[PDB]
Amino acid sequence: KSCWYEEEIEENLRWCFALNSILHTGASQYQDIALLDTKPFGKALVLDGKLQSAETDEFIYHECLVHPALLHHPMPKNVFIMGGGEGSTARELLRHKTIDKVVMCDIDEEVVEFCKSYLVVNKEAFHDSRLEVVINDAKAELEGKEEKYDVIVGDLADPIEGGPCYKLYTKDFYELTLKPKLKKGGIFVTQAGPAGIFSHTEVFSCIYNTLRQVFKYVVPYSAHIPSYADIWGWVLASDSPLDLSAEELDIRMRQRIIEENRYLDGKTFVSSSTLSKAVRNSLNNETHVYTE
């Protein structure tokens, strides 16, 4: 009971996990990198002292981030990840039998190399001949190449004014950089920060609203992640409709995804996408738009 990892989730609120060990480290100019072996949540990847992915429950975040977008697509073949150095987003994408190519574009080579070696859940993903790793700022990569994609996946940090990832959540990014690189029928999905009853106002509503200014159809959704001590959110965006029944989603999963999902079925997604009264209300009334 003597060693603890502690994080201040919100100020005046601390979440503490008993520690077995501090397994491996790196550090880059971009961020501090650590892998902790924790008692309640297993191995935990921590970046700049912030938990990113815990062994026991990261499947929830990665299944929610990836599967709804691909399943709403009629035939998703090629896909670009903004971020994703941890490798689990890639792992989940690669379970889709329709996928020919996944480009993982992470700014930090140290994250990629670290996780490739030490997040061994992703070992087969990292060695899948369909994966191409690119080391670059994702906005620069997208602007610089002509290739278009069926799905683009944002797996970056929250947009904080003055911060490194903000510019990949702006109206101008989505409109001028992102949409030109989606094929017809293309779907964007991004992680969209906390989506709790109070916490949803921090970035989730703004991301939803910003996407609403650019894409015709925008579907916000959320799920609890125990290790995060909150509900997390994601947003789908597309110029083609995003409206499938629970059973339609299930049929698509059984046909197209190798192995059973552990978190997500069709009903789970329908529930995730039915937000609570107050959260719906904030999203509907939100006027803030991220710009730069």
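All residue numbers refer to positions in the sequence shown, first residue = 1. In this text, rigid core is short for the largest set of C-alphas that superpose within 1.5 Å between two forms.
- Once the rigid core is used to overlay the structures in 5 other deposited structures of this protein, the stretch among 49-57 and 23-31 whose CA atoms lie farther from this form is 23-31.
- Using the rigid core as the fitting frame, the root mean square C-alpha deviation in 5 other deposited structures of this protein is greater for 163-171 than for the other of 214-222 and 163-171.
- For the pair 52-60 and 253-261, the mean B factor over Cα atoms is greater in 253-261.
- Of the two segments, 175-183 and 214-222, the one listed with the higher mean B-factor is 175-183 (C-alpha atoms only).
- Between the residues 162, 193, 83, 87, the entry's highest C-alpha temperature factor is the one at 162.
- Among all modelled residues in this chain, the alpha-carbon of residue 23 has a temperature factor (C-alpha) in the highest third.
- Remark: residue 275 belongs to the lowest third of its chain, ranked by C-alpha B-factor as recorded.
- Residue-level temperature factors show residue 73 in the middle third of its chain, judged at the C-alpha atom.
- Ranked within its chain, residue 282 lands in the middle third, by CA B factor from the PDB record.
- Ranked by Cα temperature factor within the chain, residue 248 sits in the middle third according to the deposited record.
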